[PDB]
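Student: Sharing the initial chains of the complex here, in place:
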Amino acid sequence: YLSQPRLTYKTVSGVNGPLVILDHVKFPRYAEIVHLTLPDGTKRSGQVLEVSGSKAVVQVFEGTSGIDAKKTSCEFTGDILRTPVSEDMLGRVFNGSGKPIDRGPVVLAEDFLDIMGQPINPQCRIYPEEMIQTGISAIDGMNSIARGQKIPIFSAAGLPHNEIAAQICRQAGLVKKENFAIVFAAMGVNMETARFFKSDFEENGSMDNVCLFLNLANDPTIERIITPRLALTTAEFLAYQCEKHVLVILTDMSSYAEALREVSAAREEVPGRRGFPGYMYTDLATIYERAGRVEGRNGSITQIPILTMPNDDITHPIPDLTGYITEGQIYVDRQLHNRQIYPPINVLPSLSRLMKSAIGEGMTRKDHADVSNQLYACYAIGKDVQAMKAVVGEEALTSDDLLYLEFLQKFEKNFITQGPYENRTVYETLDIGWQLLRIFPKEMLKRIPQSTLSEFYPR
């Protein structure tokens, strides 16, 4: 351990935006944490983002308003932000700084883990081969969730992405026909959203297995880019040291990206698109890739990093770079929500990278893969027919086209529409698939071999 007394400085050189620059510092350490006291007694903390000679640049989490130049007192902890973690953090509510806000005590650590974490050795990483039953046909059928998968929900402001995440928390089980520890990072949200989830977790009777980290819209913007790491660090303890299956949900990741963009501008870093740092991808990978199973240990981490798409732009850097890192996305939209369809999940632009391993003989039912692929073909064609008919008129369509409109209309109300408390099995979802696919004659079901149609199509 660190037995040497820490040093305290009153040597602040200057302040520039969110960065407090100290001089006369003895052997500065990179990415070490500094605790500072303002002339009025206010205590704040920050991290050294640069060292050079006797100088060090400290980014202050709470902010730099009120930071003095002569009376400011800073002390260097001598290490990186290692945070206290314990098993009994489940059932506690913390803020974005890692401190409790539930009137309980501070964390009585079992160990101290580096918030930055470490990359998992790809040779010991074990490829996920188990499916989670979300109960939502729009997901379990056509975009299955594996245990250890990273699947964000791409959403847009005003859409019920909070209700879907809340639903998933209660009715997420297995298809092996199980209590997930949930770590929920509520960052960049209003009180009502955080209270909605907090209340739902108690309503579900599962609060003793839920760890919350809150960082609300009125909280500092710099803490908003460690909150995910605090959640994941706890998840890593629980999953990889105590073999507990953990579900980690990160609320609108766009508030993370916007908080990061503010830091990028302050540090004059090289922009990429829309003003975001050119290293945004690398930073996101540090957050997202803390997931998956590890060989030889019985734990897992599954992520659902829901994000809001600015202006419904699927090519915005936030959903774009996320799409490159995560194993696909669920994607909800306004065209379904504006018709009172719940959950408003649009399967067409969605995918699950681990879905192919998750389905089929030994996992769900042998026809799973065939039903999904044909439903995608029929749904997409129905959308193409609507694009045509909008111009040429119904009279210009033939029987081959009307069948896809019949499918499209029945698909959305039978397959996607469910309700907040409709919990379907994966087998029931496929059965529904067949009920819709049987709208077409065998010759049009071109994604399914006759070795499958001959068994399932007749019913």
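Tutor: In hand now; what should we look at? Residues are numbered from 1 along each chain as shown, chains lettered A, B, ... in the order given.

Student: Tell me if I'm right that residue A:154 and residue A:326 touch.
Tutor: No. Here residue A:154 does not reach residue A:326: they are 9.8 Å apart, not a contact under Cβ atoms under 8 Å. The way it works is simple: take the backbone N, C-alpha and C, and place the C-beta from them, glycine included.

Student: Skipping adjacent residues, who's closest to residue A:423 in space?
Tutor: Once flanking residues are discounted, residue A:423 sits nearest to residue A:135: 3.8 Å by Cβ to Cβ, 6 or more residues apart in numbering.

Student: Does that neighbour lie in a helix or a strand, and which?
Tutor: Using DSSP states H and E, residue A:135 sits in no helix or strand.

Student: What is the burial count for it?
Tutor: 22 (other Cβ atoms under 10 Å).

Student: Likewise for residue A:105?
Tutor: With other Cβ under 10 Å as criterion, residue A:105 counts 8.

Student: and if you look at residue A:285?
Tutor: There are 15 residues near residue A:285, going by other Cβ under 10 Å.

Student: Check which helix or strand residue A:211 maps to.
Tutor: Here residue A:211 is assigned to strand A:210-216, by DSSP H and E.

Student: then the next helix or strand after that strand to PDB, C-alphas only?
Tutor: For strand A:210-216, the following helix or strand on the C-terminal side (DSSP H and E) is helix A:227-236. Once non-C-alpha atoms are left out, helix A:227-236 reads as follows in PDB (Å, rounded to 0.1, in the frame of the first residue of the first chain):
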ATOM      1  CA  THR A 227     -20.400   7.300 -14.100                       C
ATOM      2  CA  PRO A 228     -20.500   4.500 -16.800                       C
ATOM      3  CA  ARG A 229     -17.100   3.400 -15.600                       C
ATOM      4  CA  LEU A 230     -18.200   3.300 -12.000                       C
ATOM      5  CA  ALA A 231     -21.200   1.100 -13.000                       C
ATOM      6  CA  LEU A 232     -19.000  -1.200 -15.100                       C
ATOM      7  CA  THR A 233     -16.300  -1.400 -12.500                       C
ATOM      8  CA  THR A 234     -18.900  -2.700 -10.000                       C
ATOM      9  CA  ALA A 235     -20.300  -5.000 -12.600                       C
ATOM     10  CA  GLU A 236     -16.800  -6.400 -13.200                       C
END
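
Student: just checking, what packs against helix A:227-236?
Tutor: strand A:82-85, strand A:111-114, strand A:181-189, strand A:210-216, strand A:245-250, helix A:280-288, strand A:300-304 (3 or more Cβ pairs under 8 Å, 6 or more residues apart in numbering; DSSP states H and E).

Student: with the structure above as the base, add chain B:
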Amino acid sequence: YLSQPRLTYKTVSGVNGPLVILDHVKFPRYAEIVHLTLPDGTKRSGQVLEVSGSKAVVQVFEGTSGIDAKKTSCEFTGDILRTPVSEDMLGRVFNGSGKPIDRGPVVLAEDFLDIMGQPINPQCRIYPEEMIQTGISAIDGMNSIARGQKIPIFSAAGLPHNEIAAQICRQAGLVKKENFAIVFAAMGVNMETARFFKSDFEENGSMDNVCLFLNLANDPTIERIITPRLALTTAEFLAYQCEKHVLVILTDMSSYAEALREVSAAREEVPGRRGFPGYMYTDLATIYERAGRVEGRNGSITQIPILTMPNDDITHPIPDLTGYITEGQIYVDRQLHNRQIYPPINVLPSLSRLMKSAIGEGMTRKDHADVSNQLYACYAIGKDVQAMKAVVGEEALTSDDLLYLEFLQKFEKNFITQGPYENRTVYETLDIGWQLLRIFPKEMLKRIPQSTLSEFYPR
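Tutor: Now chain B, sitting on the chains shown earlier:
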């Protein structure tokens, strides 16, 4: 008065483009006016833009060619740029620097005002009331100018925006159901147009009520920045201290904006949107908002900024930032110009937000509001019918459509087309309106109440 002897420095650290960097200067002021004497006896003016300790940096109004760092002397005045103002300067012609160019004497001041001035205290600002007629029917019976509003003329390059501006100066005045003056400032005007303005005002006897400032395209670009400040400083003196109504016309604000961009570059500021300063918004507001009525005084200032739209795109920062902080627009078109209609003002895209208060009983005539609304509807319909005629032909039109075509042709020929030397007062403009409206039978004039029709429609 100061009564402090001036200091003249021969200490020059260097010269860089329009800037001269001085040394060992005693307690220099920002925005201080200084005078240079070159080795050839040539005198130049300049203004201090930066004072970093004893190193004052002065921008020279004229070119810096011929200036050395050994013999050139710089005399400091100890004060900032303050313009001598009087009533007598009305009827004079000045250049951008405030010097006479009409072979008359230097202004014999009644006071000295800081040309930057101060914002008018909103608590004493009076909402605009009566109307100031321009003499141009297209903007008296359709989009009148309230006595206190600020309504810009947007034009494309090549359109007769300067001829209209001159026509307004010759014709504009009070309704007259001796206390009205016009202050005219041209920024970046070429030699041929500068002659046009000067001679056209003198020859037609209007000069007695015009204070004319000419900043020519080849004049110092910094002088172009104070030019509108000198014009407004005069307007504020005349309007608010001498109890009279002043119309201020700022011609070619786009050329002003270009000179402002040059000043920003001189300060080595990083350009903002489309190359323009990030403070272009507040700079334009600083100019525009020094107008309107004030509590307890009978004076007023109106403004008609005139702006060339680059590439005829209203989206461009210059007309965009102006329109965002002005009340409506006149809008000069190109199609009307190519059709040899003068003035070429398009009433359909124009708007005067204050027209509701400008006109009506006690200000112009009872029927003013009703005639304007009906003429607008009839013109919009006539254009719509004309577009239809091009598709269906003359034989496919009904009697009502033919009446609207008759109106359209006679509206443009009688109401919009005027000529530069016909001064149409508000009452003649309305009478012309009725002559055009009496084309239609009463039942087609849906926007005019029956009481107004019975009084005005016949005869």
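
Student: ok so, going back, buried by neighbour count: which residues of the strand holding residue A:211 qualify?
Tutor: A:210, A:211, A:212, A:213, A:214, A:215, A:216 (16 or more other Cβ atoms under 10 Å in any protein chain shown).

Student: Strand partners (parallel or antiparallel) of that strand?
Tutor: Using DSSP bridges, strand A:210-216 pairs in its sheet with strand A:93-95 (parallel), strand A:181-189 (parallel).

Student: How about residues contacting it?
Tutor: A:89-96, A:98, A:101, A:181-191, A:194, A:197-198, A:201, A:223-224, A:227, A:230-231, A:234 (Cβ atoms under 8 Å, 6 or more residues apart in numbering or on different chains).

Student: can you give me the angle that strand makes with strand A:245-250?
Tutor: 10 degrees (axes from the mean of the first three to the mean of the last three Cα atoms, to 10 degrees).

Student: what is the orientation angle of strand A:210-216 with helix A:227-236?
Tutor: 170 degrees.

Student: export strand A:210-216 as PDB, just CAs?
Tutor: Output of strand A:210-216 as PDB, limited to C-alpha atoms (Å, rounded to 0.1, in the frame of the first residue of the first chain):
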ATOM      1  CA  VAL A 210     -30.200  -3.400  -8.200                       C
ATOM      2  CA  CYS A 211     -27.300  -0.900  -7.900                       C
ATOM      3  CA  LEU A 212     -28.100   2.600  -9.100                       C
ATOM      4  CA  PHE A 213     -25.700   5.400 -10.100                       C
ATOM      5  CA  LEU A 214     -27.400   8.700 -10.600                       C
ATOM      6  CA  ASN A 215     -26.100  11.800 -12.300                       C
ATOM      7  CA  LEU A 216     -28.900  14.100 -13.100                       C
END
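
Student: now it, how far from the centre of its chain.
Tutor: 14 Å (Cα atoms, centre = their mean, to the nearest Å).

Student: who's in contact with residue A:306?
Tutor: A:152, A:153, A:154, A:155, A:161, A:165, A:249, A:250, A:251, A:252, A:253 are the contacts of residue A:306 under Cβ under 8 Å, 6+ apart.

Student: Let's see which of those residues end up in helices.
Tutor: A:161, A:165, A:253 (DSSP state H).

Student: Spatially nearest residue to residue A:61, not counting backbone neighbours?
Tutor: Excluding its sequence neighbours, the residue lying closest to residue A:61 (Cβ to Cβ, 6 or more residues apart in numbering or on different chains) is residue A:222, at 4.7 Å.

Student: ok, now chain C:
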Amino acid sequence: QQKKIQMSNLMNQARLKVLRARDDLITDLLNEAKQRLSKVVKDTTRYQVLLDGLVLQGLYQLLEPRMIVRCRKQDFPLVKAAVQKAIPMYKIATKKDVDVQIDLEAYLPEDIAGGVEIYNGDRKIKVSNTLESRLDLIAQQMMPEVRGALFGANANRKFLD
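Tutor: Let me put chain C in with the others:
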């Protein structure tokens, strides 16, 4: 039609004519003031008092470790006294020891009404502290009150703020 243009030119030039005449009256008054200042500097005790003040104001504005006073040759005896008195007064006011010399090799043109010029040690900074320059400086800054005193107040000006 052409008669209207002729009337415009006649009225516009007539306006300039009377304005130019008024500016000549101001110029003549300023010229008389300069001649009256010439009569003042022809005095001894009154002029020496002006120099005592002018030298002090020169020193206070320049604030350099070394200064040279340049004057008209015939005024040297009076400036010498002004400098000898100005120095101990300067030191008390500014708490800076400044070596003040008088230029005995170069002199101001003899046609200058009076006053001094003050140079710093390297002759790179000069103070325009001559009598004629001070008069022009004050006469211009005070001109708004001269206008009113001679020709009357502006009857249409109701607010002086």
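
Student: Just the element for the residue in chain C that chain B sits nearest to, please.
Tutor: Relative to chain B, the nearest point of chain C is residue C:23 (3.6 Å; Cβ to the nearest Cβ). Taking DSSP H and E as the definition, residue C:23 sits inside helix C:2-41.

Student: picking up where we left off before, specify the local secondary structure of the spatially closest residue to the residue of chain C closest to chain B that is not a sequence neighbour.
Tutor: Nearest non-adjacent residue to residue C:23, counting by Cβ to Cβ, 6+ apart: residue B:105, 3.6 Å away. Classification of residue B:105 by DSSP: H, G, I helix; E, B strand; the rest coil places it in coil.

Student: For burial, what's the neighbour tally of the closest residue to residue C:120 other than its chain neighbours?
Tutor: Closest residue to residue C:120 apart from its sequence neighbours, by Cβ to Cβ, 6+ apart: residue C:64 at 4.3 Å. Residue C:64 has 21 neighbours, counted by other Cβ atoms under 10 Å in any protein chain shown.

Student: I'd say residue C:64 and residue C:98 touch.
Tutor: Yes. Residue C:64 is within contact range of residue C:98, at 6.9 Å (criterion: Cβ under 8 Å).

Student: contacting residues around the residue of chain C closest to chain B?
Tutor: B:105, B:106, B:108.

Student: Just send these back as a markdown table, with neighbour count too.
Tutor: As requested, those are arranged in a markdown table below (neighbours: other Cβ atoms under 10 Å in any protein chain shown):
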| residue | neighbour count |
| --- | --- |
| B:105 | 18 |
| B:106 | 14 |
| B:108 | 20 |
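
Student: Return the member of those residues nearest to chain C.
Tutor: Scanning the contacts of residue C:23 for proximity to chain C, where the rule is Cβ to the nearest Cβ, the winner is residue B:105, at 3.6 Å.

Student: The helix or strand hosting residue A:386: what's the following helix or strand?
Tutor: Applying DSSP H and E as the criterion places residue A:386 in helix A:368-392. Next in sequence after helix A:368-392, counting helices and strands by DSSP H and E, comes helix A:399-411.

Student: list the helices and strands that following helix packs on?
Tutor: helix A:368-392, helix A:426-437 (3 or more Cβ pairs under 8 Å, 6 or more residues apart in numbering or on different chains; DSSP states H and E).

Student: Can you give me the buried ones in the shortest one?
Tutor: Translated: helix A:426-437. Under 16+ other Cβ under 10 Å, the buried positions of helix A:426-437 are A:426, A:429, A:430, A:432, A:433, A:434, A:436, A:437.
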